[PDB]
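In what follows, a single structure is set out as structure tokens and then discussed.
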Amino acid sequence: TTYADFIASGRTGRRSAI
Amino acid sequence: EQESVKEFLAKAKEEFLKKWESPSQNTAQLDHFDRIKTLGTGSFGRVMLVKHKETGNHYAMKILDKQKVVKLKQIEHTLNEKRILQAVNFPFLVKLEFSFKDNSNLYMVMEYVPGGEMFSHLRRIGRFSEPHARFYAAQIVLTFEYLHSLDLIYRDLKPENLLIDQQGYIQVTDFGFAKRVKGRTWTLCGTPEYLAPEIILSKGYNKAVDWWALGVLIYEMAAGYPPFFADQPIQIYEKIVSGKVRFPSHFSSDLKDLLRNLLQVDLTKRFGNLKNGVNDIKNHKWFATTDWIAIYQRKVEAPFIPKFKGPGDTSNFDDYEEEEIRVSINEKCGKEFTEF
Ligand SMILES: O[C@@H]1[C@H](O)[C@H](O)CO[C@H]1O
């Protein structure tokens with residue numbers, strides 16, 4: 001599922017600016 | 001009334017410009033405060049809960065290491081964040097109470113917003129219902145209307161920067177990448193998931209990037225995950241510029257139509273960037289039930305009120321490693337930060 005793909009991304013925590 | 005908004009924003013600009021031209025400085029000092037706990041971190045350092053010894057009032061103090069700021073090429077961004085924070089005044093923008101510096105660090109002492117980041121509440125609950133997402137989105141629409149009227153582009157919208165206050169309303173924090181830009185600007189900055197395509201494509205861009213980021217935020221609030229994600233930022237960027245996007249099946253038709261118009265790669269078609277400006281968003285069907293004046297006046301009952309036990313409660317924040325706050329015997333980088 002899309003949710004599953006989100007978890008698989010590894011980017012579910014707090015995100016830094018570039 | 002249209003005339004009411006025009007007069008409000010004109011008075012707002014006059015006050016902003018007066019403070020912009022004569023900023024405040026050195027309105028406190030470090031031994032006035034007890035350090036309590038780290039609340040969160042960003043690209044420019046740490047924010048800690050502190051207690052004002054004289055009054056007992058708690059504050060969120062952003063601490064910037066001058067030598068580290070210089071090492072990371074952030075001089076102008078840091079000075080500019082403080083200049084903006086001391087000059088703006090809007091219900092949904094975090095308030096700067098004091099600022100000062102010493103031999104080692106710069107300090108921005110903000111009102112403590114005790115309800116935590118939107119980020120944590122969203123990840124905890126999973127996703128927000130559309131009425132819940134719309135309540136928050138309306139506040140961002142009004143905040144960008146305000147900022148953009150001052151020629152300020154925010155450039156770092158994301159749930160991590162949206163703090164929930166005791167009434168359940170949003171306070172936007174962290175102006176480390178904001179810029180006063182009448183025309184166009186070129187810096188590659190922001191957070192990957194929220195970057196507008198024209199940033200990724202190295203184009204000159206303008207305030208329209210904040211409206212794209214609103215689309216990303218509304219999507220993530222309502223879906224529980226952002227519209228464009230992947231293992232690596234470069235893969236996220238390829239999705240962003242593709243001009244494609246998929247929606248969960250539970251998104252309403254009105255929500256999808258709004259998001260198609262905010263997540264619009266073509267700048268000539270993106271809502272917020274057309275001849276009618278923010279009113280294309282305010283008048284959209286998805287906001288039909290939004291009382292814009294009542295949101296601004298904070299008279300709408302919030303969908304969610306965070307739990308607070310009392311002064312200095314930090315339960316709505318995750319724990320971070322604690323470090324010492326050192327003040328050197330030698331002044332560091334004095335010339336660089338004279339204006340702070
Ligand atoms: O918060 C995260 C990191 O943990 C660090 O604080 C830098 O900013 C973001 O990437």
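Here the Gaussian network model covers chain B, with springs between Cα atoms less than 10 Å apart; of B:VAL88, B:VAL181, B:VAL172, B:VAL181 fluctuates the most.
Only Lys, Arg, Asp and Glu count, each charged at its Cβ (+1, +1, -1, -1), so figure out the dipole size of segment B:143-214 about its Cα centre, rounded to 20 debye.
Result for segment B:143-214 is approximately 400 debye, rounded to the nearest 20.
Think of it as helices only: each DSSP H run of n ≥ 4 in chain B is worth -39500 (n - 2.57), and spread over all residues that comes to -10000 deg cm²/dmol at 222 nm. Once the Cα atoms are used to define both axes, helix B:253-262 deviates from the longest principal axis of chain B by about 60 degrees. Between B:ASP231, B:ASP156, B:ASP102, the Gaussian network model of chain B with springs among Cα atoms under 10 angstrom shows the greatest mean-square fluctuation at B:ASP231. Ranked by the mean number of other Cβ atoms within 10 Å of their residues, highest first, the peptides B:118-124, B:215-221, A:7-13 come out as B:215-221, B:118-124, A:7-13.
3J(HN,Hα) along segment B:150-156: 8, 6, 9, 9, 8, 6, 8 Hz, from the Karplus curve 6.51 cos²θ - 1.76 cosθ + 1.60 with θ = phi - 60°, whole Hz, x for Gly and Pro. The mean sequence distance of close C-alpha pairs (under 8 Å, at least 6 residues apart), as a share of the length of chain B, puts its relative contact order at 20 percent. If you plug the beta carbon distance of B:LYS18 and B:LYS182 into 1/(1 + (r/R0)^6) with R0 = 22 Å, you get a FRET efficiency near 0.75.
Step through the table entries B:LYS19/B:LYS275; B:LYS73/B:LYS207; B:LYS73/B:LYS335; B:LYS68/B:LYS332, compare each Cα-Cα distance with 21 Å, and write down the pairs that go over it. Working shown, then result.
Working: B:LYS19/B:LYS275 30 Å; B:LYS73/B:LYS207 24 Å; B:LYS73/B:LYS335 15 Å; B:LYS68/B:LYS332 10 Å.
Going by Cα-Cα distance, B:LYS19/B:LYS275; B:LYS73/B:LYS207 fall outside the 21 Å limit.
Evaluate the Kirkwood expression for the hydrodynamic radius of chain B, namely the inverse of the mean inverse distance over all pairs of different C-alpha atoms, and round to one decimal in Å. It would help to have the intermediate numbers written out before the result.
Details: mean 1/r = 0.0477 Å⁻¹.
The Cα-based Kirkwood calculation yields 21.0 Å.
Taking segment B:273-297 and a reference point 7 angstrom along Cα→Cβ of B:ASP257, the backbone N atoms nearer than 17 Å belong to B:279-290. In order along segment B:77-92, the Karplus-derived 3J(HN,Hα) couplings, from 6.51 cos²θ - 1.76 cosθ + 1.60 at θ = phi - 60°, round to 4, 5, 4, 6, 4, 5, 4, 5, 4, 6, 9, 8, 7, 7, x, 9 Hz, and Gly and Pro are given as x. With R₀ set to 56 Å, the beta-carbon distance separating B:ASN276 from B:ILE329 gives a calculated FRET efficiency near 0.45. Annotation for B:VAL5 and B:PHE247: the two label points, set 7 Å from Cα along the Cα-Cβ direction, are 2.3 nm apart. All C-alpha pair distances within the protein assembly as shown, sorted into 10 Å bins from zero, spread as 5, 24, 34, 26, 10, 1, 0 percent across the bins.
Modelled spin-label separation between B:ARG123 and B:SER315, with each label point placed 7 Å from Cα along the Cα-to-Cβ direction: 2.0 nm. Structure remark: mean-square fluctuation, Gaussian network model of chain B, C-alpha springs under 10 Å; the largest value among B:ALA28, B:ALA222, B:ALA178 belongs to B:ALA28.
Proximity of backbone amide H atoms, modeled 1.01 Å from N, is registered between B:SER43 and A:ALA17 at under 5 Å, excluding neighbours fewer than 5 places apart on the same chain. 3J(HN,Hα) couplings calculated from phi for segment B:45-53 with the Karplus curve 6.51 cos²θ - 1.76 cosθ + 1.60 (θ = phi - 60°) are, in sequence order, x, 10, 10, 10, 6, 10, 10, 5, 4 Hz; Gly and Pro show x. Distant-in-sequence amide contacts of B:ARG155, defined by a placed amide H-H separation under 5 Å and a gap of 5 or more residues or a different chain, comprise nothing.
With R₀ set to 30 Å, the beta-carbon distance separating B:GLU336 from B:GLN297 gives a calculated FRET efficiency near 0.10. The modelled label-to-label distance for the pair B:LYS269/B:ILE305, using points 7 Å beyond Cα in the direction of Cβ, is 4.4 nm.
Read-outs throughout are calculated quantities, based only on the coordinates presented, and are distinct from any laboratory measurement. FYI the Cβ positions are ideal-geometry reconstructions off the backbone, even for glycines, and counts take in every protein chain you see.
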